[PDB]
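No hydrogens, no waters, no symmetry mates; every other heavy atom, side chains included, goes into these values. Numbers restart at 1 for each chain; the letters A, B, ... are given by sequence-line order, proteins then strands.
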Amino acid sequence: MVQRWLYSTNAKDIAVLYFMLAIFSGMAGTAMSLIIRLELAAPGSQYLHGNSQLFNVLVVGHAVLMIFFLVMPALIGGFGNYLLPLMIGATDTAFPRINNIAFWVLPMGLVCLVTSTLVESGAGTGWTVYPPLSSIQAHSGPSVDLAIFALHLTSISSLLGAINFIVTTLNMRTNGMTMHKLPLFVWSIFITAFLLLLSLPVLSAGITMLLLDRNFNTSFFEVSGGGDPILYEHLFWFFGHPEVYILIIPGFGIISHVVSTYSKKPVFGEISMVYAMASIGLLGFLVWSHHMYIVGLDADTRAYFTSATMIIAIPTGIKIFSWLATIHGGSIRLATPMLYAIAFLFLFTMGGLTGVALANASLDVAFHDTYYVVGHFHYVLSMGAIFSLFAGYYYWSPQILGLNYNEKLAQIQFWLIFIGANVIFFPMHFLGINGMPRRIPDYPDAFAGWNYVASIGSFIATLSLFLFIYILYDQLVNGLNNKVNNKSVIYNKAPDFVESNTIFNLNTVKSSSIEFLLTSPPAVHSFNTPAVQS
Amino acid sequence: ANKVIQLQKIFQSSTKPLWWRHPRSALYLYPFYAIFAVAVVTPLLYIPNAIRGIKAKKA
Amino acid sequence: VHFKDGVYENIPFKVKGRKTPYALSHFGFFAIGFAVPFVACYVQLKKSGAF
Amino acid sequence: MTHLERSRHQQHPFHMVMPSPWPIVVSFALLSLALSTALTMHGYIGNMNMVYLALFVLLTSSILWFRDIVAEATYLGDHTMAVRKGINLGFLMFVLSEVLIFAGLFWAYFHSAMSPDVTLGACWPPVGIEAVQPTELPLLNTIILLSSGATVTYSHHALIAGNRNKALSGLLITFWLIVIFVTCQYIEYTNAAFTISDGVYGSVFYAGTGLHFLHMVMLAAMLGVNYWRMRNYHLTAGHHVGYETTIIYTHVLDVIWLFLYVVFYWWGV
Amino acid sequence: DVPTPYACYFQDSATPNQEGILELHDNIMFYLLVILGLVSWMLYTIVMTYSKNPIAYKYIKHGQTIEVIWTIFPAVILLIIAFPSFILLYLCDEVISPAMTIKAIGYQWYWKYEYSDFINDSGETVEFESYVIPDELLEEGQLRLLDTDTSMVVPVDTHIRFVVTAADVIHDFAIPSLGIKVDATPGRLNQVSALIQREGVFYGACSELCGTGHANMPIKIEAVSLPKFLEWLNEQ
Amino acid sequence: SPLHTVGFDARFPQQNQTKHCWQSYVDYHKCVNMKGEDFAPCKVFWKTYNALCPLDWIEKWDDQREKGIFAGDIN
Amino acid sequence: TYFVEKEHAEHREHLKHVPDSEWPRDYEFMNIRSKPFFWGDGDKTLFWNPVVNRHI
Ligand code: HEA
Ligand code: HEA
Ligand SMILES: CCCCCCCCCCCCCCCC(=O)OC[C@H](COP(=O)(O)OCCN)OC(=O)CCCCCCCCCCCCCCC
Ligand SMILES: CCCCCCCCCCCCCCCC(=O)OC[C@H](COP(=O)(O)OCCN)OC(=O)CCCCCCCCCCCCCCC
Ligand SMILES: CCCCCCCCCCCCCCCC(=O)OC[C@H](COP(=O)(O)OCCN)OC(=O)CCCCCCCCCCCCCCC
Ligand SMILES: CCCCCCCCCCCCCCCC(=O)OC[C@H](COP(=O)(O)OCCN)OC(=O)CCCCCCCCCCCCCCC
Ligand SMILES: CCCCCCCCCCCCCCCC(=O)OC[C@H](COP(=O)(O)OCCN)OC(=O)CCCCCCCCCCCCCCC
Ligand code: CUA
Ligand SMILES: [Ca+2]
Ligand SMILES: [Cu+2]
Ligand SMILES: [Mg+2]
C-alpha cells in the first residue's frame, strides 16, 4: 500500500494520482474566480476592504492553478499516461522512474505557490510577471521568488513527461501498427510532446534571468544598467502562444473519438486530420508578437505578424468542417459525452472568430487590455478545453473504474454549466468594446450593468461544479447498482437495425481501438502475448 | 579485478530490494536517511517566521 | 510487483469496509481545496489592519 | 526450446522496473532546495549552511538512482536491443532541449548588441569596458577542446577492436583535457576587468559562457564514471551505452563553445 | 467621449483614425456573421435529422471535391479583409507635418504633461501633474474614477504629435474615443498622432497593470478653439 | 497659425523616437564646443531636443557631463 | 599564451600600486547594486579581485 503509491512504476497507477491532484486544484482556482467575481459585482469596496494588492494576488493564483495545476495534469498527465500505452499495445511506458518524478514535483510546486501568497504581500503582478513591476524595487521580499520556483517545478514536470511520451510512441508499438495506423488521440499527445520540448527551455531562460536581476545585481531587463523590459516579453511570449495549443490539441483528439463513437461513422478524412494538427503545431511558433502589437514595434514587423496569425485559421477550419462531415449521415446517440462535443463545436467556433478580429494589428488598438480579450480566451479555454475534459471523463471512467454513473443527473450537470458559462463571458465583449480595462478591482459607474449580469452566472456555474462532486460520490458508492437498475447507460453503441438482440450479445463491442476490449478495470498485467493487427 | 560474474550471481538470487543486495549497501543507506530527514524538516521550521516577518539576527 | 485486481483495488483510498463513512473523506477532501483561498485572504487582511 | 521452456521467459523485450524510493526522494530534495534558497536570499536564514545541505542531498540522491541503473544492466541483463535503442533516443531529445536553452541566451545577446542602448554610449561594447581578447587564453581553450574530440574517437574504436591498454589511455587523456579547460576558465574569470554587475554587457557575457562552464564540470564527471566502469570490466566490446551518451555529449559541447567563441569573442569585441 | 450604462458598441469617434478603426471592425463582422450562420445551421439541421436515422452511412469516408473546395474558401475570405487592414495599418503609422508636440510621462499612479514648443509669450516649458480626485473630495455631479484635478488642453483641427514614456514601471496612454493606445516603457519614447474634429471632453485610463494604483490613474483631455487655447496656454 | 514644431525626419521614421532626442542633444553640445556657444543654425538642434525629450532626461545628462560621465562622444 | 599572459602580470603589478584617488570614475551602468549580495559583505561578487575590480 505504501510502496504501491509512493514507489510506483506502473503507468496506470500514476495516472490516477495525476487526476486526484488535478481535481483538487480546480477547487482552489474556482474559489478564487468566485471571490474575484464578487468584488466586481458593483462599484465600491465590496468584500476585500479596499486591499487592491490582495485582489491582484488572487488573479495570479487563479490563472496559475487553472493552467499549470488543472488542465495540464488532467489532459496530459492523466489521460495521456493512462490511454496512450493501452492504445498502442505497450506493456508500460519507457522510463518508468522518470514517469514517477514528473508527478511528485507538482505537490512540491503547490507548497511553493501557496506559501507565496502568505508571505509578505504575495505577488500582485499578473500571470505574465512583467518587469520592472516584478523586480525588487516594485516587489520586495520573497514572494516573486517563490512563484518563480513554482513555475520551474512545473517545467521539470512537463519536460520530463514529454521525453517519455515521445520515446514510448516511437519505440513500443505492437505488431503490425505503423505510424499511419495510430489512433487520433495518440497523435495528439505525440505532437503536443514536441511543442513542449521546443518551447519550455526558452521560458526557463526568461524567468531565471528575472530571478538574477532581483537577487544577483544583473541588468537583463533593468533600465539603469542598459537592459530592456521588452526583451522579457519576447522571451515570455515565445513560450506563451505554443502553450495555448499545448492546451487545445489533446482536446482535439478527444473530440475525434467521442464524435465517431456516437455517430457510428469513422472520422471523415482521417489522414488530413493529422496533417492539420501538425500544421497548427508548426504555425504556433511563428506568431507570438500579436501579444505585443502596441509596444512600439515597426510597421513592417506588424504587417508580417498579421498575415502569419490569420493563416492558422485555415488548418483549424479544416478540422471544424471535418467533424461536421462525420456526423452528417450518422446514427446519433445523445449520451452525456455527445452533448459536450456538440457544444464544443458551437462554442469553440465563436471564441475562434473573435480571435480573427484580434489578429489584425490595426484593430487591436481598440482591443488591448480590454475585457474583449478576456471574453475571447474564456470561450476557447473554458467552453473549449474544459468542455473536452468533461467529455473525456464521461467517456472513459466507467471502463477505467468499473463503476457507472447516474445518467439523468449528468444531463442536469451539463445544462447548468452550458447556461452559466455563457452568462459570465458573453457580456465581457460588451464591456470591452465600450472600453473597460482589465486587471482592475474597481471601475467607473457606467460599467455596473454588465458586471452585475456576469457575477450572477458565476454562481450558476459553481453550483454545476458542486453537482459534479456529488456525481463522483454516487459513482463510487453506488456504481455497481447503477448497472442493474435503469439509472445509467450500459452500451455506448446500440444494435444495428437488422441485428437481433441475441446476435448482438455475441459481440457487444464494435471498437476501432483496443481500450474498450479490456476487462472493465484493466488488469495490472494487460499484455503478455503481444496484440496483433493486420 | 574482475567481479562481474561473482556479483552477477549474488544479485540474481537475492530476495531483498534492488538497492539493498550489495554487501556494502548498509554503509550508504543508513547515514543518507538520517541526513535526508534533517534536510527536509529544517526549512519547514522557518515558514512560521517568514509569515510573521521575523528575520534572523546574523548581525 | 504483483497487485490485486477488481473494482475498488486500483485507487489509493478505501471506500468499503471502513468504520467511518466515506462521505467524510470524499467531501472533506474537496472542502479543503475550496478553502485555501479564504485562508490566504484572512492572513493578508489581518496584516493590513482591516481586522 | 519447446513450449514449456519458452514459458519461463518474457514474451516482449521491454524492461519492467521494480518500485524504487528515488523518484520521490529527489522531489523532496528539490523542494528543500527551493525553500532554502528563497529564505536565505532574503535574510530569514542567517547563513548558507542550509543551502549547502540541500545541494548535497540532491547530489547523493541522484548518485543512488544512477547506482541502480548500473546493476540492472550489468548484473541483471535487462537491457536488450529494444531497451538500448530507447535509451539512446531519450538522450538525444535531452540534448536538443539543452541546446535551445543556449538559443535563448544568444537571443538576449543579439538583442542587446545590434541596436545598443544610448545609456551605454550607443556603442557595443559600452564605453569604459575592457573586454577579453580572442587571440589569447581563449584561443588555447578552443584548441584544448578540439584536441579532446579526437582522443575520445580513438578510445571508442580501441574498445570495439578489443585493445584494452589503448582504450584506457585515450580516456585518461580526455579527462585531463576537460579538466584543463575548466581551470583555464577559472583563471580567465578572476583576472577579467569587468563583473556581472557591470550592466547589460557583463550579464549576457557571463550567462552564456558561465552556463557552458557548468556543463563541462558535469562532462568531466561522466568521463570519470566511464573510467571506473571500463577499468573494472563492466563495458564490453559490443555493449557500452553509458559511453556513447558521453561521446555525443563531448561533441555537442564542442560545437556550442565554437559558437560562443565566434560571437562573444570575435564578433562582439 | 464617456462610457454609458449597458452600452454594447464603440464610443463616438472624434478623429479620422478612430473612424477607420470602426470601419474595419464592421467590415470584418460582415463575414464573421456569414460563417457563424453556416456553422450553426449545419450543426442544428444535422442533430435534428440524424438523431433519428436508424441506418448509418458508414461507407462515406472522404470526398475530393468538397475537401479541396473547403480548403480554398477560407483563404479567399481571409484575403478579402486583409486588403483594407493593411491600408489602415500604414495610414495610422504616419506622422507628417504636425503643428505641436506634447509629452506625457507615467508615474506611480499619476500622469505628467509638458509643452516645450516655446510658443507662449514668455518662452518657458509649461508643465503640471494630473491626479484623480479622491472619493472623499468629490463635488456632487463629478464622475467617480474619471475626473482629475487638472486636465490636458488641446486645440481643434490641429495635427498633434504625442510623445509617451514612463519613470518607474510600464503604464499605457489610452483614450478610447481618439483611437490611441500605446505602452509607456521606461527607457524609450514612442509617438502617436491625432487630429480632433469637434470640441468636448474625452476620457481614458491607464492600460498596463502598474501595481495597487492601476485603477486610480485616469486621463482627461479637453479640446477647445484656437484663440481659447492660446489664452489658456499663456496663463498656465 | 502661430504653432510650429519639428517635422518628419528620414533618419527616424518609425514609432520609436528615442534616438531622435539623444542625437539632437549630442549634436548641439558638440556644435558649441568648436563653432562657439552662439551660432545662428546651431539653434536647430536646440529646438528639437527640447521639443520631444523629457525634462528629467536632460537633467540627468547635464549632471553627468559635469562629472565627465556622459556616455555620448561630444569632445 | 604564456608570453601574452606573462606581460599582463606586470600590468597587474602596476595597478596594485595605484591609490584609489585617480581610479577612473564609474559610469551610470557600472557596479549596479539593486540590493546587496546575500553573502560576505554584500558588495563583492564570486570571482571579485581587488586588484582589478573596485567599487568607489
Ligand atoms: C484554464 C483556464 C481558465 C479557466 C478554466 C478559467 C475560468 C474562469 N475564469 Fe479566468 N482566467 C484565466 C484562465 C481561466 N479562467 C487566465 C489566464 C486569466 C488572466 C489572468 C491575468 O489577467 O493575469 C483569467 C482571468 C480571469 C478574469 C480577469 C480578472 C482581472 O483581470 O483581474 C476573470 C474575471 O472574472 C475570470 C473569470 C473566470 C471565471 C468566472 C471562470 C469560471 O467560469 C469557470 C467556469 C467553469 C468551471 C467552474 C471550471 C470547471 C471545474 C473543474 C474543476 C473541472 C473539473 C473537470 C473534470 C476533472 C472532468 N478569469
Ligand atoms: C485554448 C487557448 C487559446 C486558443 C485555441 C486561442 C486561439 C486564437 N487566438 Fe488567443 N488567447 C488566449 C488563448 C487561446 N487563443 C489567451 C489565454 C490570451 C490572452 C493571454 C493574456 O493576455 O493573458 C489570448 C489572446 C489572443 C491575442 C492577443 C490579443 C491581445 O492580448 O491583445 C490574439 C491576437 O491575435 C489572439 C488570437 C487568436 C487566434 C487568431 C486564434 C486562432 O487559432 C483561432 C482559429 C479558429 C477559428 C478561426 C474558428 C474556426 C474556423 C473556421 C470555421 C474557418 C472559417 C473562418 C474564416 C474564413 C474566418 N488571442
Ligand atoms: C534547480 C536545478 C536544476 C536541477 C534539475 C532538475 C533535477 C531533477 C532530476 C534530478 C536528477 C536525478 C536523476 C534523474 C534522471 C535519470 O535518472 O535519468 C536516467 C534515466 C533512467 O531511466 P528509468 O529509470 O526511468 O528507466 C529504467 C531503465 N534502466 O534514463 C533515461 O531516462 C534515458 C534518457 C536520459 C534523459 C535524462 C534527462 C536528465 C534529467 C534532468 C532533466 C532536467 C531538465 C530541466 C533542466 C533544468
Ligand atoms: C479521515 C478519515 C480517517 C479515518 C480514521 C481511520 C479509522 C478507520 C476508518 C477507515 C478509513 C481509513 C482512512 C484511510 C484514508 C481513506 O481511506 O480515505 C481518505 C482519502 C485520503 O487519503 P488518500 O490515500 O487518498 O491520499 C490523499 C491524502 N492527501 O480521502 C480521499 O482521497 C478522497 C478522494 C476522493 C476524490 C477522488 C475522486 C477521483 C476518482 C478516481 C477517478 C480516476 C479517473 C482517472 C482518469 C484518468
Ligand atoms: C532551468 C533552466 C536553467 C536556465 C538558465 C538560464 C540562465 C542561466 C545563465 C546563468 C547560469 C549560471 C551562470 C554561471 C555563473 C556566473 O555568472 O559566472 C560567475 C560570475 C562571474 O564572476 P564575476 O561577476 O565576479 O566577474 C569576475 C571579475 N573578477 O560571477 C557571478 O555571477 C556571481 C554570482 C553567482 C551567479 C550564480 C547564479 C546561479 C543561478 C543560476 C544557476 C544556474 C542555472 C541552472 C544551471 C543548471
Ligand atoms: C548538484 C547535484 C547534481 C547531480 C547531477 C549529477 C550529474 C553528473 C553526471 C553523472 C551521470 C552518471 C550516469 C551513469 C549511469 C549509468 O550507469 O549509465 C550506464 C547505463 C548502463 O549501460 P551500459 O552500457 O554500461 O551496460 C553495461 C554492459 N551491459 O546505461 C544508461 O543508463 C544510459 C543512460 C545514461 C544517462 C545518464 C543521465 C544523463 C543525464 C543526467 C543529467 C542530470 C543533470 C541535468 C542538469 C541540467
Ligand atoms: C462571442 C463574442 C461575440 C462578439 C460580440 C461583441 C459585440 C459586437 C458588437 C455588437 C453590437 C451590438 C449592437 C448594439 C445594439 C444597441 O444599441 O444596444 C442597445 C441596448 C442598450 O444600448 P444603450 O441603451 O446603452 O444605447 C443605445 C440605445 N439604443 O443593449 C442591448 O440591447 C443588448 C442586446 C445585445 C445585442 C445582441 C448582440 C448580437 C451580436 C451577435 C454577434 C455574433 C458574433 C459573430 C461571430 C464572432
Ligand atoms: Cu499605470 Cu496601470
Ligand atoms: Ca468593486
Ligand atoms: Cu497568442
Ligand atoms: Mg499590455
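Ring pair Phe264(D)/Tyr206(D): centre-to-centre distance not below 6.0 Å. Residues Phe47(G) and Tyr186(D) bring their aromatic ring centres within 6.0 Å. Aromatic ring centres of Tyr27(G) and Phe70(F) lie farther apart than the 6.0 Å criterion allows. A centroid separation of 6.0 Å or more is found between the aromatic rings of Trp288(A) and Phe236(A).
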Check residues 103-129 of chain D and write down every donor-acceptor pair under 3.5 Å in which the side-chain atom is one partner and the other belongs to a residue at least two apart or another chain.
residue	atom	partner	partner atom	Å
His111(D)	NE2	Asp228(A)	OD2	2.9
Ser112(D)	OG	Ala108(D)	O	2.6
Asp117(D)	OD2	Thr119(D)	N	3.2
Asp117(D)	OD2	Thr119(D)	OG1	3.2

Per-pair distances, 0.1 Å, donor-acceptor, side chain in residues 164-173 of chain E, under 3.5 Å, sequence neighbours excluded:
residue	atom	partner	partner atom	Å
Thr165(E)	OG1	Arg188(E)	O	3.3
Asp168(E)	OD1	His171(E)	NE2	2.9
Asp168(E)	OD2	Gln108(E)	N	3.3
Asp168(E)	OD2	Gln108(E)	NE2	3.2
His171(E)	NE2	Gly106(E)	O	3.2
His171(E)	NE2	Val169(E)	O	3.1
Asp172(E)	OD1	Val182(E)	N	3.4
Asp172(E)	OD2	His368(A)	NE2	3.1

Under 3.5 Å, side-chain donor or acceptor atoms of residues 203-210 of chain A against the rest of the protein: list the pairs with distances, not counting sequence neighbours.
residue	atom	partner	partner atom	Å
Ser204(A)	OG	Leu200(A)	O	3.2
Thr208(A)	OG1	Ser204(A)	O	2.6

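Counted by atom type alone, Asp145(A) and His42(D) present one or more donor-acceptor pairs between their side chains at under 3.5 Å. Between the side chains of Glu208(E) and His214(E), not a single donor N or O lies within less than 3.5 Å of an accepting N or O. In summary, the side chains of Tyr189(D) and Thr209(D) do present a donor paired with an acceptor at a separation below 3.5 Å, with no hydrogens or angles considered. Side-chain contact annotation: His212(D) with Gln185(D), donor-acceptor N/O pair under 3.5 Å absent. With hydrogens and angles left out, the side-chain atoms of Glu5(G) and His8(G) include no donor and acceptor closer than 3.5 Å. Looking only at atom types and distance, the side chain of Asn31(G) has no donor-acceptor partner in the side chain of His55(G) under 3.5 Å away. Remark: the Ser116(E) side chain and the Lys103(E) side chain contain an N/O donor-acceptor pair separated by less than 3.5 Å.
For the atom pair OH of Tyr265(D) and OG1 of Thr135(D), the computed distance is 12.5 Å after rounding to the nearest 0.5 Å.
A donor-acceptor pair under 3.5 Å links the side-chain atoms of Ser140(A) to the main chain of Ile136(A), judged by distance alone. Side-chain N or O atoms of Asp198(D) include one that pairs as donor or acceptor with a backbone N or O of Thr195(D) at under 3.5 Å. Proximity of a side-chain donor or acceptor of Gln17(F) to a complementary backbone N or O of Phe12(F) within less than 3.5 Å is detected.
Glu22(G) has no carboxylate O lying under 4.0 Å from a charged side-chain N of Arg54(G), or vice versa, which leaves the two without a salt bridge. Looking at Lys60(F) and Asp63(F), no side-chain N of the basic residue comes within less than 4.0 Å of a carboxylate O on the acidic one, giving no salt bridge.
The salt bridge (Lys or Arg N to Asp or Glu O under 4.0 Å) search around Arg161(E) returns none, not counting sequence neighbours. For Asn16(F), the side-chain hydrogen bond (donor to acceptor under 3.5 Å, both in side chains) criterion is met by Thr18(F), not counting sequence neighbours. Every residue meeting the side-chain hydrogen bond (donor to acceptor under 3.5 Å, both in side chains) condition with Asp62(F), not counting sequence neighbours, appears here in chain and number order: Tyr25(F), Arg65(F).
Between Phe37(G) and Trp39(G), the ring planes are tilted. Angles from 30° to 60° get that label.
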